[PDB]
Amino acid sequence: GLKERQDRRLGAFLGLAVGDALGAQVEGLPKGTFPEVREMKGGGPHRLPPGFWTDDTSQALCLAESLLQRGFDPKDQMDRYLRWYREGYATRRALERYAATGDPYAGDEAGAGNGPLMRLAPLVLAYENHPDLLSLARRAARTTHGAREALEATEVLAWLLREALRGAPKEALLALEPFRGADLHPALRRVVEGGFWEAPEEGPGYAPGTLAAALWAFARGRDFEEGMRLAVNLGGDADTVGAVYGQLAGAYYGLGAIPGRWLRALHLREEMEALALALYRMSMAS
């Protein structure tokens, strides 16, 4: 029913933040050099309070607000990212490029990072049914990243989230059928063809690698919690691997499957729930 369906959208959005917050605790740490992370303790290189997240969730929130206030508007997305960037003390370059030229698609070919993946969920929640969803995802990535593999990885995640929200089984999600044999960057091609079945040696910042790490954690985890712990304990760019895993696993398992203690400790939990529901209602209208 309605509740079950809403649960998936709320799960994907909140899961993103939960993963960001948990992973942030061990960001930059080499795999296997620290005790297993299992709870929201805060910490990390930014000495975050428990349940607090990073730029991953910040951008996701900005994108969410942009979509709700004016549909798909990359210019407005960048106005918001820039406004958040300046109030704070590859992406910074994209923002300054936009500030100087007015070009909203300020990503360059050097941007192959995972930034476009960490903030994706909001777009799929609101434009789930749009026939050009994958194209909108590419445009959303292009605002800050322009490398072929980053754009394609974003399209793959957009597909994954849409299918997961629609109830597709784990086996179908991991099979990535529409991408099999597709003309993709070699690195991403290796991921789609099964590269993710092997455990990563660390949490990668490279888009294809981040996607592969999230897919691995999703494949091996039997529930949201188990998969999330697998993802963040890879260390490295754990906040982002955690955020990507969170989006996919959140849409798949639903909000009700995410540990209550993680959600209760999450900063701006209620504001995100409101945004997720607003975005979902938006996908059912116009």
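Numbers for residues come from their place in the sequence shown, where the first is 1.
Chemist: Between 101-109 and 153-161, which has the larger average Cα B-factor in the PDB entry?
Modeler: Per the PDB record, 101-109.
Chemist: Should the higher mean CA B-factor in the entry be assigned to 246-254 or to 41-49?
Modeler: Comparing 246-254 with 41-49, the higher mean C-alpha B-factor belongs to 41-49.
Chemist: Comparing recorded Cα B-factors across 166, 145, 139, 80, which one is largest?
Modeler: Most elevated C-alpha B-factor of the set, per the entry: 80.
Chemist: Out of 208, 115, 122, 131, which residue has the highest Cα temperature factor in the PDB record?
Modeler: It is 131.
Chemist: Pull the Cα B-factor of residue 224 out of the PDB entry and bin it into the chain's lowest, middle or highest third.
Modeler: Ranked within chain, residue 224 CA B lands in the middle tercile.
Chemist: If you rank every modelled residue in this chain by C-alpha B factor, which third holds residue 29: lowest, middle or highest?
Modeler: Middle third.
Chemist: Ranking the modelled residues of this chain by C-alpha B-factor as given in the entry, is residue 175 in the lowest, middle or highest third?
Modeler: Lowest third.
Chemist: Would the CA B-factor of residue 22 place it in the lowest, middle or highest third of its chain?
Modeler: For residue 22, the deposited C-alpha B-factor lands in the lowest third.
Chemist: Quick check for you: using the entry's CA B-factors within this chain, is residue 213 in the lowest, middle or highest third?
Modeler: Residue 213: CA B-factor falls in the lowest third of its chain.
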